[PDB]
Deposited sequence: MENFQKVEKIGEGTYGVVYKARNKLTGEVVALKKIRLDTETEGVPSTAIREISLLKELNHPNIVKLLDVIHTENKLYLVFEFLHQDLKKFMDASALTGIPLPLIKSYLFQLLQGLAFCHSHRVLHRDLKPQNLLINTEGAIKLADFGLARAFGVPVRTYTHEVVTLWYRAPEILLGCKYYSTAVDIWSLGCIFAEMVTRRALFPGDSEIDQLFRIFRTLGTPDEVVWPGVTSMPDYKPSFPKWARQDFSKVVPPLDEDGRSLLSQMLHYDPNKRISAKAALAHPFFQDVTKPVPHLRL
């Protein structure tokens, strides 16, 4: 009633998102039409503000529906990558975006909040050269496997903030190469695409891996490929960072804060797109 619905923007996992105009304020919002527990969890997230997190303005539980009102941004990184496919994204911009996303995650993580589901369609950009995480924390409260960390794929229930670093590493490589890193069409094909590139994990590189719920002794045993073949022509700093983001063991995987001190971001700027 309070919002004139402008355009179906899309259709996430959680229901319809419309661009809509508040009538009592005139403001344009993204309006997402979606349990007592889910609504509390969602409301906690109104308190989670950072310039690289898309703002959740409101949560309206009414006529027993859930409406989430978010700040609106005109573009998403997926759509930006598709239109830069023949020229690519320049590296200072890739480097700026990665840095901002990492700031975003480091904030959220320091508050024990995870995203759990990062992907290019969740990363929104403005004309100012800001990139922001959208749908953050919505997974806990209430489809692409390509960004999914191996601990999740191997059936871990109690996964950590490292799952978001894994996802961001995947998106980073994709920005650079203009092709998804691990484009799996099932859970097992997803795991096996990761294994063909990074090697089948064992107790050497990942202590405890063999006792994970969906780990099978019968997994084919691939060797690790060189990262220079995976993300050419990213430089040595970039490759060093990327490999730390894609460590198998979630405990050895670089944290968002430690990644902000990496020499890849020595010379980081904020270019406009």
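**Item:** Deposited positions without coordinates, collected into consecutive stretches in sequence order
**Value:** Coordinates drop out over 1, 36 to 44, 153 to 163, 295 to 298.
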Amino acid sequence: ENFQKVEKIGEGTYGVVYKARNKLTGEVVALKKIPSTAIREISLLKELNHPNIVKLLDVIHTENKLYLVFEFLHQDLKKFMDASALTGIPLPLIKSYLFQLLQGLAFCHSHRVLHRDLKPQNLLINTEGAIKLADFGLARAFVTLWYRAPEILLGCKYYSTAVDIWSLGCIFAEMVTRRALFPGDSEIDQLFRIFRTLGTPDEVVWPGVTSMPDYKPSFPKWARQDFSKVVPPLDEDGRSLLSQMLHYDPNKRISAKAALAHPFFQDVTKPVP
From here on, numbers count along this sequence of modelled residues.
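**Item:** Higher-scoring stretch by recorded Cα B factor average, 200 to 208 or 220 to 228
**Value:** Per the PDB record, 220 to 228.
**Request:** Would you tell me which stretch averages the higher CA B-factor in the PDB entry, 35 to 43 or 236 to 244?
**Result:** Between 35 to 43 and 236 to 244, it is 35 to 43.
**Request:** Using the temperature factors in the entry, find which of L138, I94, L118, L105 has the highest value at its Cα atom.
**Result:** Top of the list by C-alpha B-factor: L138.
**Asked** Looking at the C-alpha B-factor of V143, is it in the lowest, middle or highest third of its chain?
**Response** As the PDB entry reports it, the C-alpha B-factor of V143 lands in the highest third of its chain.
**Prompt:** Sorting the chain's CA B-factors, does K55 end up in the lowest, middle or highest third?
**Reply:** Middle third - that is where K55 ends up once the chain's C-alpha B-factors are sorted.
**Request:** Divide the modelled residues of the chain into thirds by Cα B-factor and specify which third, lowest, middle or highest, holds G88.
**Result:** CA B-factor rank for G88: highest third.
**Prompt:** Looking at the C-alpha B-factor of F264, is it in the lowest, middle or highest third of its chain?
**Reply:** Its C-alpha B-factor belongs to the lowest third of this chain's values.
**Request:** Can you work out whether the C-alpha temperature factor of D76 puts it in the lowest, middle or highest third of the chain?
**Result:** Its C-alpha B-factor belongs to the middle third of this chain's values.
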